[PDB]
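Presented below, as structure tokens, is a lone chain in the form deposited in one PDB entry.
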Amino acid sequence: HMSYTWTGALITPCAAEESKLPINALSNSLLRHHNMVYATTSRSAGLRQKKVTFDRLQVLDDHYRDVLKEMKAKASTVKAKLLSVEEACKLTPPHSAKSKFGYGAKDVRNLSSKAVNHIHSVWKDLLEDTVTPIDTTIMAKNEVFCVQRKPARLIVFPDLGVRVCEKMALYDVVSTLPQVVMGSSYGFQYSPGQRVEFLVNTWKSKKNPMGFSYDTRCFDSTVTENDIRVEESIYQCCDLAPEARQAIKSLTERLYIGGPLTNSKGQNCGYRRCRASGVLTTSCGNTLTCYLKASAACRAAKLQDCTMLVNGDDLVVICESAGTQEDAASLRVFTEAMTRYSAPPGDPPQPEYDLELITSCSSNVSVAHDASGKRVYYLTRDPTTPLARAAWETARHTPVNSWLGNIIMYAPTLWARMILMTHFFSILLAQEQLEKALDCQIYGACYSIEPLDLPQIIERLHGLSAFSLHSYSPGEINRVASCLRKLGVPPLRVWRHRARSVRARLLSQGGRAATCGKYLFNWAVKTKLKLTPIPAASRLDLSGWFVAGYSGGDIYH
């Protein structure tokens, strides 16, 4: 029962790979310690292969089957529809990997004849053949970190023609089913404002709260054939067209359960019997399987008044404390149960009695004060990786702009406002590119976003208080200051000074640019404008935001 078998062929790059931080004239204004930042490359793929390759053992008890029965009962209330070829085509990212069969992502989006023709042949084949393993490409992801060096993560995906077919069969299912089955525990339904409120209200709902995050070592590799057949049984509980059932069975047997791995040169690298990281059902599958195992493990452990929050493989549990000793015992049982279910821990779980000390979806709750002095909770994180990536994106154009996703998701934080907003608007001013739409990724989906829309986007996700926060916590101030020292980033007093300049320049231009100056940089000026609700921030179409997760799912909105 091995996650992978290997031939010995190497995982190969598609193009040249830089590992050292590229430097330009803008670099030093963000960060001086350039040797701290690196990107992963295929050169480390072998170490990752070793990490992700292990034997899985699975022992399944009555708690597991009881939870599954209840999930299936909820799944049976879902009705999902087939997407048409063109609906599915318009969900494809413009810079998605081209097909091996002589067509690309733009041909798919234009509904060109050769793309549409091939897609129909793949669909027909899915319907006739439920046995032949489908080919996947395996690649090393190039991602940017700060030192303490990780090996490249691996992405496994099928051909573009198959991906469009997955959308036809499954897009409506993976978008709709998770919230029906998990209700309030499904994380991807929440904007950042709604996530913080949920965590705080849950913490507050317990007489004596205790919470913990659970880190599964290599979740994707822990997913067994059983787990993936179990997901399919859940999907099949939905009210589906007969053609959708046949396609889902087929993709399950031929793709989701496993298949051969091919490098960028077309050589055979080996074989997969675990979760593929680049299929449509990666996020929904991981979410269902994480929630199933964790729910069953909560019962095994006898945790009292358990509330879970689940985003794929990321899990937080908040419950009633039974004292520090019985809590420690409960968590050992939880971890033994997950372990028997094929989800052993990386870092073993710790009981926490302070909400601010729990990290989940790479983020912790912290507290600041708005214009009225009233306390507001908001989500933050250690800004090291966000700033290392902004350093890279200062000297190189990248298809996805992490600085922009980070401003969107962490708008209330002191580091996003002072450093990220200041640095990148100054860059957009100097190049006259304020009006140019940029791509970023939120909950695995790709979005085209106009930066001049940032203030409306932020008021909607966070509320106006995001533009007025002050008096941040000492732990948060210390973590930021600590990151600025490590990376060699200029002090917050230098950023305030630049932000005054950026602000005044934005005000000069009027329109949406002036509104950015006013809302985004109100913190920079000695005596503040009283900010009021933005007119445009009621007209933005944020539908298709905070519905579901789509990690590796090749989704564009």
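Just count from 1 along the sequence shown to find any residue number.
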item	value
Deposited-sequence gap flanked by residue 148 and residue 149	4 to 9
168-176 versus 90-98 - greater average Cα B-factor per the deposited record	90-98
Of 257-265 and 274-282, the one with larger mean CA B-factor	257-265
Top residue by Cα temperature factor, when 340, 74, 229, 207 are compared in the entry	207
Residue, from 159, 370, 239, 393, that the PDB entry assigns the highest Cα B-factor	370
Within-chain third of residue 82 by Cα B-factor, per the entry	middle
Record-listed C-alpha B factor of residue 225: chain third	lowest
Chain thirds of CA B-factor: placement of residue 10	highest
Chain third (lowest, middle, highest) by recorded CA B-factor, residue given as residue 461	middle
Residue 448 CA temperature factor, ranked by third within the chain	highest
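One more form of this protein should be noted, the form deposited in another entry, which is absent from this view; the next part is about it.
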| query | finding |
| --- | --- |
| Common rigid part between the shown form and the other one for residue 434 and residue 209 | no |
